[PDB]
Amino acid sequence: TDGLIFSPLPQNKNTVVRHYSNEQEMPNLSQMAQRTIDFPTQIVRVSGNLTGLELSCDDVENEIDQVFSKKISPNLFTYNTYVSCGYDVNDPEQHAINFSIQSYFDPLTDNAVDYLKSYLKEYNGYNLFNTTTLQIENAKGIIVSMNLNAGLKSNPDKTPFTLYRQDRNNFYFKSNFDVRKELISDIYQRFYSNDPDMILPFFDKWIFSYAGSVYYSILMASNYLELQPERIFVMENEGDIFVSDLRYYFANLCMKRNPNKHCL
C-alpha cells in the first residue's frame, strides 16, 4: 500500500519465470559501511534460443539457479534477478525453446567483494546450453532519472488521483550500491516525514534547489506522493544503456500516516 512497491514483471505466454530479489529490504548503512572500496554494479542480460536442444524449462531454470542465483546470497548482495524460460506448448514434451536472465546486483561489504571476485573467476563466461554464455558485465555507472508526483488521491485503494505537480531530476551514481546508500536511504529517512525541516530539505536536495519553498503549499494541499527513480545503467560501450524490467517506485500515503490527512 505504502512504501516501496515493485512494478509487475512482463507477462508472456507459455513461460516459466523465477524471480529472486532482496531489494525490498531497506539499505542497511551499518552493513554498507563495511564496503570500503567502490565496486561496479554487476549486470546480466543474457538470452538464447533453445529450440531443438531437448531441454525442459525445469532443467534450464535449475541449472541457471545452480550456477548463478544460488551463488548470490541475500546476506552478501543486494540483487534483483529474473529468469525466464519459454516452452513449446504444442511439443509433446513441451521442451524449452528460449531463455533469458536479467539481473543486477551489488556486493554489500568488502568480504562480499572478496567472495564476488572468486565467484566471477569460476563462473563468468560459463557456457549455457552450448548456446550462449553467462556474461556478467560491469556497469560503468547509473543515471537515476527520478520523477516525483504530488497529488490528492480520493480512494487510497485505487490507482487514479488528481495530479497537482510533477517534477524530474537526474543524478549520476557510480553504482546501484551508491544509489541505495545515498538516495534510497534518504527517501526512507526524510521523504516519509511530515517534519517540514526534513521533507522540505529533502526536496531541495533531490528535486530542485528551492523545491522546498515551492512545495510547502503543495504538500499542505496534497495527500499522496510518488517517487519513480528510473535507473538507467550506463554500460562501457558508447551508446549502450541498460534499463531493467525490474522497477520499483515509492508511494507515500500521507492520508494514512499523518493526523491532518495531508502531507504537511
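One rule holds for the numbers: they count along the sequence shown, beginning at 1.
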When mean C-alpha B-factors in the record are compared for 219-227 and 205-213, the larger belongs to 219-227
Per the PDB entry, mean CA B-factor is higher for 229-237 or 59-67, namely for 59-67
Among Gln135, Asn80, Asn155, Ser145, highest Cα B-factor in the entry goes to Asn155
Of the residues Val46, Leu50, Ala33, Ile37, the one whose Cα carries the largest B-factor in the deposited record is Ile37
The third of the chain into which the C-alpha temperature factor of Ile97 falls is the lowest
Of the three thirds of Cα B-factor ranks in this chain, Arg190 occupies the middle
Of the three thirds of the chain ranked by Cα temperature factor, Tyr164 occupies the highest
Temperature factor at the Cα of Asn90, chain-ranked in thirds, falls in the highest
Sorting the chain's modelled residues by C-alpha B-factor and splitting them into thirds places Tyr172 in the lowest
